[PDB]
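Just the one chain here, laid out as structure tokens, in the form deposited in one PDB entry.
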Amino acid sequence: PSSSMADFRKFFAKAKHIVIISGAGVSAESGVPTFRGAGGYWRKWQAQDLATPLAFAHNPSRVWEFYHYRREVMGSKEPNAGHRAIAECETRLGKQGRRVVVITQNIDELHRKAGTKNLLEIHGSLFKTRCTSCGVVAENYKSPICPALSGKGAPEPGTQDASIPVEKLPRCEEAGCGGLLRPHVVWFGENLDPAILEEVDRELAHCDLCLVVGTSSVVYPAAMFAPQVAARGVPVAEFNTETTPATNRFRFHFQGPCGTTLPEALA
């Protein structure tokens, strides 16, 4: 793909409806641990182990300890230059009658923290719960989410499992349910929410410019979105630290940390 920031800016000047697809690179640039890279472990596990239906059916306490840790660490994490440029872009363009939507695979809500309003969280959120009995989804920001998790979740190898009985894990407060809650996070092997996918498809069908930022383009179906925008003729620009399997499918590729190249692109 082309490397010309000058040509990208010419499309941006005239774009009325911009889709920005963001991946784990945006989050890593805030120091958010995602436990996906080689070497990135919580105790003896990675996300490929614990962000799974298997892990929750086998040891829901361990899964909750992992997500509790991840919730607690967010107190120390802030949006980075890429989040801020993306949020400011949406605000500035919205005054002009131009739409910016963020479709994120990240679950840490840093886009919302930076001020993004038009946000589709395709893999859910660390700060939502889903009831495994009634299916109700709820926002939840309480530290700790339940009393038994107080002080739990430490990441050091050799830390003992909390082995919290299921009744002391987070429970549904819907009158008459009390089922076991799980994080409202899409796990590996699970289907994304069709309603969210419908909203994604609407934005992809109407946008006139698409950016793919900070993602390896190896997790599906997300890695397919920006490929299908290119089919209607719409330009796609990739901002990532390295080429990906999907790089050659795009009009532009800008190498570098997201927080370095995005502010220039969206100014």
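In case it trips you up, residue 1 is the first one in the sequence shown, and so on. Rigid core here is just the name for the largest C-alpha set that superposes within 1.5 Å across the two forms.
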Entry B factor averaged over C-alpha atoms, 13-21 against 239-247: higher for 239-247
Of 160-168 vs 78-86, the stretch with the larger average CA B-factor in the entry is 160-168
Note to self: of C177, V136, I103, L149, the C-alpha temperature factor tops out at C177
Among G31, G214, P60, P53, the highest C-alpha B-factor in the PDB entry belongs to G31
Binned into thirds over the chain's modelled residues, the C-alpha B-factor of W42 lands in the middle
Of the three thirds of the chain ranked by Cα temperature factor, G97 occupies the highest
Quick tally, chain-level thirds of C-alpha B-factors: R70 sits in the lowest
Sorting the chain's modelled residues by C-alpha B-factor and splitting them into thirds places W64 in the lowest
Sorting the chain's modelled residues by C-alpha B-factor and splitting them into thirds places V200 in the lowest
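This next part talks about the form deposited in another entry, which is not shown.
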| Cα of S61 displaced 2 Å or more between the shown form and the other one, core superposed? | no
Classify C207 as shifted (yes) or not shifted (no) between the shown form and the other one, where shifted means its C-alpha moves by 2 Å or more with the rigid core superposed.
no
> Is the C-alpha displacement of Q46 equal to or greater than 2 Å between the shown form and the other one once the rigid core has been superposed?
Replying inline: yes
Relative to the shown structure, Cα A246 and Cα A13 in that other deposited form (3 Å or more change) are farther
In that other deposited form the CA atoms of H111 and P221, compared with here and shifted by at least 3 Å, lie closer
